[PDB]
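Architecture at a glance
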Amino acid sequence: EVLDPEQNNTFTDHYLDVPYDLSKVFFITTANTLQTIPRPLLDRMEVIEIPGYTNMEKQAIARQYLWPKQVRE
Amino acid sequence: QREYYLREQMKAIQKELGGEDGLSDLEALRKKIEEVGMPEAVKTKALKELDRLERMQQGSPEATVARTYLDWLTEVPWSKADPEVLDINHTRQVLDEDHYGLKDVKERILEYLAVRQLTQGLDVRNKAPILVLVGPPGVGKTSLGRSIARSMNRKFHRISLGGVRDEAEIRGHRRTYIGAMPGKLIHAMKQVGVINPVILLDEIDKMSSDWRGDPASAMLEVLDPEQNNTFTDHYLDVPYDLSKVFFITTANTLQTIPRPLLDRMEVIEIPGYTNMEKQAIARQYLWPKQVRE
Amino acid sequence: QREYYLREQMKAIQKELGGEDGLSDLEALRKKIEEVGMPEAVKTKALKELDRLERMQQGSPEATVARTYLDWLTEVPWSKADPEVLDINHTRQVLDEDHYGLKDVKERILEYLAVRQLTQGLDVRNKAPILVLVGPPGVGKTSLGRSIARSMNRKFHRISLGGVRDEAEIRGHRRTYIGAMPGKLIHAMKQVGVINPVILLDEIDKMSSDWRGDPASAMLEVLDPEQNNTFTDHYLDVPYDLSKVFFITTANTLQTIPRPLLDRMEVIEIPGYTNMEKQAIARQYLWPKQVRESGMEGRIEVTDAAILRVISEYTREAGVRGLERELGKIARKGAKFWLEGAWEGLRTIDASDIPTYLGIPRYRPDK
Amino acid sequence: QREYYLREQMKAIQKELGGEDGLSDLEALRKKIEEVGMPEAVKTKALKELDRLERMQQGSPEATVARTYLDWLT
Amino acid sequence: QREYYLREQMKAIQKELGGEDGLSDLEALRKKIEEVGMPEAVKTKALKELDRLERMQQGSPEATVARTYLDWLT
Ligand SMILES: Nc1ncnc2c1ncn2[C@@H]1O[C@H](COP(=O)(O)OP(=O)(O)OP(O)(O)=S)[C@@H](O)[C@H]1O
Ligand SMILES: Nc1ncnc2c1ncn2[C@@H]1O[C@H](COP(=O)(O)OP(=O)(O)OP(O)(O)=S)[C@@H](O)[C@H]1O
């Protein structure tokens, strides 16, 4: 009910007996596999797969982000 | 002369300690009970508990309980209804404006209207359908409910039963308790103004069911096609008829519905679309929507 | 002190509602208490609570509690019963008008009536059996309650126990609370006017438990025929007799009924219907009521072979809700065909015209 | 009579703290219930709950539920 | 003497707001304890939970708990 992209204009919990509007809120959900998400819940979300890094972009991350941070701390 | 002079004295005592109520709106409740619906046993017990509020004094914490019971009892509709639409062609037009395909559901609605045309007063039973729409996760069977409700010129209200686990959400709590009020059905019948709504029960196959909470066995006598004209709440203790309510329920599978609840409902399969149907849906419903937005 | 003075004059006016408030109380209820006919200990408790409903003033929150407890104690039936039937042939003829088949249940009811009519002098008898109807969904369990109650010329009341979780529905709350109502059983006894109704307790196998106990423990008190003659709720502080009530209960399976309840019950199983039984109850019961409700009577009919087609090739069940949904579908299609051009007389639906009305068959017959 | 005068004194204290302040509670909630941009179908429920609240007892076990509900709405 | 003097005052007040001995309680269920059993520790405990029902309000929930307790212990 909270992630339905057509019907979350009217979300109703049990304490507030009124419909509340959740259509403007930017949801970002995080997972690490898709197999344990039930199929009606997976259909409501847009998938973006982040694959894992190669060695030269690991070098770029280590030069530009990780090593100055570990030096300052 | 003497008895209405006695009324003059009690009026003097009342308005010198008047609350702008206690004689200003108790008799408004007296007028409002008698003018709206309310079969005879209900109005007898209602006037019985109306004449035993007047000697509470608000300054009576049980005066709140009785007045809120009366205001749940008078604002739930009794015999107020929307007419049936006779233009079956106009209903066909409005159903074709919203969705592509889906001939089975549309023919079900048009046959309901054809039956309601041939009964223009015959003293027969008027029993509204109880449906379950079953299909794959993407096929539109939630938007179809309010498309039906707009095409028939009826009122619409949606209830989500997706994670509901307690029985106090279908029926209420008793009037004894501090903050009690009825279940979602009586509240939905109060939000809607009539006795002919289209109530979408959003997913009927996802209710929790164990030895510590099973609402799926309290949905029996809500969806019973023979006995839901005497549905009894726990807050209201009068029998209240739900036999005129057009209930549409939705599910993705039939295996997780309890078997005494499944055969209460007429099952309409919605199978999933072919490539020509998806091309037509994409041409005249989805692409103009995305281009506008 | 002004407002004390003012409703002091109001209660002095209440001494002269009609020249007195007595007719509404000491003379309302003192007339109503022996107008009914009530036992002696409850008469003692009623008189020596009207003794202090006498003394107090109206309006104050200690008089409304006592007055509602006196009003609820006056309108519960004490020693008033419907007459007993002495002709079991009339009971057999009434039971055969509402249902078809179901021979063992009907003859068990006739055995109970014969036992109670032959035995009215030894005073161990006349404990009514706690009947349990067990079967698949769709067989006539719930309808037999009203059919049996019409057969014995008694009054009927149905209580649904499908999702009852609180124990305060069976046995109520004490009348010292700010809101106070009795249980559902004594409310049902107020609904009927007699001491011997037929109470249908529907779906006893589906009661839910909670903390503060489960309502099966409170249900065991009323449904045990050796302790239900002194049944005590908490609203009424007195024992009440519920031994003359004929209880009928329904269930779908036995494995979820509590063990101290199954030891006091006599199960009667309803097996499910064969095809000849299904077409008999479709000729006699389902098809006329599906044609009346469509407004198509005198305009469309169906043969026996067509009903056998509908049973064999479109249903797989034990009950008959699906069969009447199919017959209602045929009546709807006829009602829609009527509006797009009428006919005279009545057309008769044959077994070769069924796929026009119901579509492609969904089960294949054996050959 | 002494403690009657005591409770009557403290009731006189609470009905005017500074100049007024006796009714800053429900009148401030009446202001706040219309300063926010609620839909009308929620405003009707809120005003009916507040009118049902204003007859009650200040400090009842049945008043704090309604006041907490109105606070969650505001 | 002081027992039936102060209870004589109990009687003389309860006679008009109660029409003579009220409820048959409060003097002779005091005598029903000595005619059944009992160990003396049980007897003094019964007298202690008996004498707390003396002035406590009739129509209150705690009194009924104490009432059924001393009636079932009897
Ligand atoms: N035939 C159709 N014509 C037009 N729009 C359609 C059609 N079928 C589906 N849609 C659209 O598809 C979307 C999904 O509809 P939903 O009713 O939400 O599907 P749903 O089956 O109810 O999802 P769940 O997971 O089963 S609750 C909606 O925006 C519909 O408008
Ligand atoms: N032998 C029969 N003769 C006539 N009508 C019957 C017969 N058996 C069943 N029916 C009808 O079948 C319908 C279903 O009856 P019910 O008693 O409500 O079923 P049920 O056994 O109570 O089902 P559940 O799921 O346990 S509530 C009613 O309309 C009955 O009139």
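Residues numbered from 1 in each chain as written, not as in the entry; some residues may be left out. Chains lettered and ligands numbered in written order. Part of a larger assembly, values for the part shown. Heavy atoms only, no water.

Structure determination for this PDB entry was carried out by cryo-EM, with a resolution of 2.36 Å recorded in the header.

What follows is about the sheet that holds strand β2 (residues 156-160) of chain C. All names here are of chain C. Spatially, the five strands line up as an open sheet ordered β2-β3-β4-β1-β5, and their pairing is parallel. Unpaired on one side and paired on the other, β2 and β5 (266-269) mark the two borders of the sheet. Strand-to-strand twist of the sheet, defined as the mean angle between neighbouring strand axes without regard to direction, takes the value 25 degrees. Against the sheet, helix α8 (residues 184-191) makes contact with β2 and β3 (198-202), and its axis sits at roughly 155 degrees relative to β2, the strand it touches most. (Pairing = 2+ DSSP bridges. Helix = DSSP H or I, 4+ residues; strand = E, 2+ residues; numbered from the N terminus. Axes fitted to C-alpha atoms, helices over the stretch in contact; angles between N-to-C directions. Contact = heavy atoms within 4.5 Å.)

Our next topic: the packing of aromatic side chains. Evaluated as defined, the whole model comprises 12 aromatic pairs over all chains. Their ring planes at 75 degrees and their centres at 6.1 Å tell us that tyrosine 15 of chain A and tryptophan 72 of chain D sit as a pair that is edge-to-face. With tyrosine 15 of chain A in the segment before α1 (39-42) and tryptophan 72 of chain D in helix α4 (residues 63-73), this residue pair bridges two chains. Judged by relative accessible area, which is 59%, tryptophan 72 of chain D ranks as exposed. Relative to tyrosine 240 of chain C, the ring of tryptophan 78 of chain C has its centre 5.2 Å away and its plane inclined at 75 degrees; by these criteria the two rings are edge-to-face. On the criterion of sequence distance, the pair formed by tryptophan 78 of chain C in the loop between α4 (63-74) and α5 (88-98) and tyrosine 240 of chain C in the loop between α9 (215-222) and β4 (246-251) is long-range, its members being 162 residues apart. In terms of burial, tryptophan 78 of chain C and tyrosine 240 of chain C fall into one category: buried. Above the ring of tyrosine 69 of chain C, the side-chain terminus of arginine 175 of chain C is found at 5.6 Å from the ring centroid. One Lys or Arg, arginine 316 of chain C, reaches over the ring of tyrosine 363 of chain C and ends 4.8 Å from the middle of that ring. (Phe/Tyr/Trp six-rings, centres within 6.5 Å; stacked < 30°, edge-to-face > 60°. Buried < 20%, exposed > 50% of the residue type's maximum accessible area, 1.4 Å probe, protein only. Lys NZ or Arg CZ within 6 Å of the ring centre and 35° of its normal.)

A word on the site of ligand 2. What surrounds ligand 2 is a group of 16 residues, the closest being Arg264 of chain B together with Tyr100, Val139, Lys141 and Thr142 of chain C. Contact between ligand 2 and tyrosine 273 of chain C: a nitrogen atom at 3.2 Å from a side-chain N or O atom of the residue. Across the complex, the protein chains shield 92% of the 650 Å² of accessible surface that ligand 2 would expose by itself. Among the elements that make up the shell around ligand 2, the one with the highest residue count is helix α7 (residues 141-151) of chain C (three residues). Across the shell around ligand 2, the residue classes break down as six nonpolar, six polar and four charged. Shared between two domains, the shell around ligand 2 holds at least three residues of each, these being domain 1 (88-269) and domain 2 (275-358) of chain C. (Near = heavy atom within 4 Å. Polar contact = N/O pair within 3.5 Å; in protein donor to acceptor, adjacent residues only side chain to side chain. Areas by Shrake-Rupley, 256 points an atom, 1.4 Å probe, with all protein chains shown as cover. Nonpolar A, V, L, I, M, F, W, Y, C, P; charged D, E, K, R; others polar. Domains from an automatic or database assignment.)

The next thing to look at is the interface of chain D and chain B. Frequently, the measure chosen for interface size is the accessible area that the parts lose on association. Across the contact, seven residues belong to chain D and nine residues belong to chain B. With both sides pooled, the region where chain D packs onto chain B buries about 730 Å², and carbon together with sulfur makes up 57% of that total. If you sort the residues of chain D by the area they bury against chain B, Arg55, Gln57 and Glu62 of chain D come out on top, with a joint share of 64%. Between the two partners, chain D and chain B, sit zero salt bridges. (Buried area = accessible area lost by both parts, 1.4 Å probe. Salt bridge = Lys/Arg side-chain N within 4 Å of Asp/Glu carboxyl O.)

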